[PDB]
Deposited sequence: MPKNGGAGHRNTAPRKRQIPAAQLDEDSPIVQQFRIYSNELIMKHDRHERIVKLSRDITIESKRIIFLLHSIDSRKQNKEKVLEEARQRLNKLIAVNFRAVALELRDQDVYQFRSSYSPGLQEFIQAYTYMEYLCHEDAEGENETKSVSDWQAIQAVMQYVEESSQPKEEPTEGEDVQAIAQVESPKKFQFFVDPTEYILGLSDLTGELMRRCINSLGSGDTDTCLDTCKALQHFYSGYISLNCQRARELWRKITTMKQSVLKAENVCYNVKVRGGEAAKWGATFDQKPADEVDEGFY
């Protein structure tokens, strides 16, 4: 009985078109975010290779900066282009993993710059959401219109918290390789981040609360490394 001319069939075909367009847009963003996530993890793996070994430091940060810049100029530009006339919160679940992994890699590279500072690079702040937002500014090709990738402060705070798992990993790798001054550096950084995070007074913020809980265990692990270094020596602290 119901055919293509039935008002209810007409109506549901209108609803279906709206759901298809939404689903298609979600799928394109999920794919972009996946590739951002994969490349960010690769960049963090590259960053972890930095050691006393001299001719690696600057060369590694260089390649990491180039690969992070490509993600900004290509992949994040594609996501911002997709969301141009959209409510950015509607699709947050589609790009959130990529954004958080990118922020983790970006801030880890900044940490590593600060750590080997001989002079005034010690004065630099980690980039905050406004500083990262400022690198994600785009222009249509040909006057031509400006667009950006909106960086939600909550997404930033969540991404930055993952940096602390990287600090803890660097602390462990440094014990292994006998680079024990780096254990101290990463531990101080963890203590400072942890103090900043516990300063936060957030209602119903369940994801955040779990991050801080995990952060406490990273801080404790790094503090125990520095301890075993102090009491057993670099070498005997490796064996445990």
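*If you line up the deposited sequence with the model, which stretches have no C-alpha coordinates?*
In the chain as deposited, 1 to 22, 165 to 184, 283 to 298 carry no coordinates.
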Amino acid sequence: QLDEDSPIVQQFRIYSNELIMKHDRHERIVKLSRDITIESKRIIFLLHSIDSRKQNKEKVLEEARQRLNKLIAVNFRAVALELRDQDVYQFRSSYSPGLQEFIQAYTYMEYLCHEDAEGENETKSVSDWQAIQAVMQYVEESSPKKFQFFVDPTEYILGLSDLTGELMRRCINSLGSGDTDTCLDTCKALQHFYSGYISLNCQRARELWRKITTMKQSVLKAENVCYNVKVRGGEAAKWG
From here on, numbers count along this sequence of modelled residues.
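*Comparing 50 to 58 with 36 to 44, where is the mean C-alpha B-factor higher?*
Result of the comparison: 50 to 58.
*Between 227 to 235 and 8 to 16, which has the larger average Cα B-factor in the PDB entry?*
Mean CA B-factor is higher for 227 to 235.
*Choose from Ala189, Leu68, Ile172, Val30 the residue with the greatest Cα B-factor as stated in the PDB record.*
Answer, based on the entry's C-alpha B-factors: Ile172.
*Can you pull the Cα B-factors for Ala73, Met109, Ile132, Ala117 from the entry and say which is highest?*
Comparing C-alpha B-factors across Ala73, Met109, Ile132, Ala117, the top value belongs to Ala117.
*Among all modelled residues of this chain, ranked by Cα B factor, put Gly165 in the bottom, middle or top third, i.e. lowest, middle or highest.*
According to the entry, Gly165 has a C-alpha B-factor in the chain's middle third.
*Tell me, lowest, middle or highest third: where does the Cα B factor of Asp152 rank within its chain?*
Within its chain, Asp152 is a lowest-third residue by C-alpha B-factor, going by the deposited values.
*Can you tell me which third, lowest, middle or highest, the CA B-factor of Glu82 falls into for its chain?*
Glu82: CA B-factor falls in the middle third of its chain.
*Based on the entry's values, in what third of the chain does the Cα temperature factor of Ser142 lie: lowest, middle or highest?*
Within its chain, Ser142 is a highest-third residue by C-alpha B-factor, going by the deposited values.
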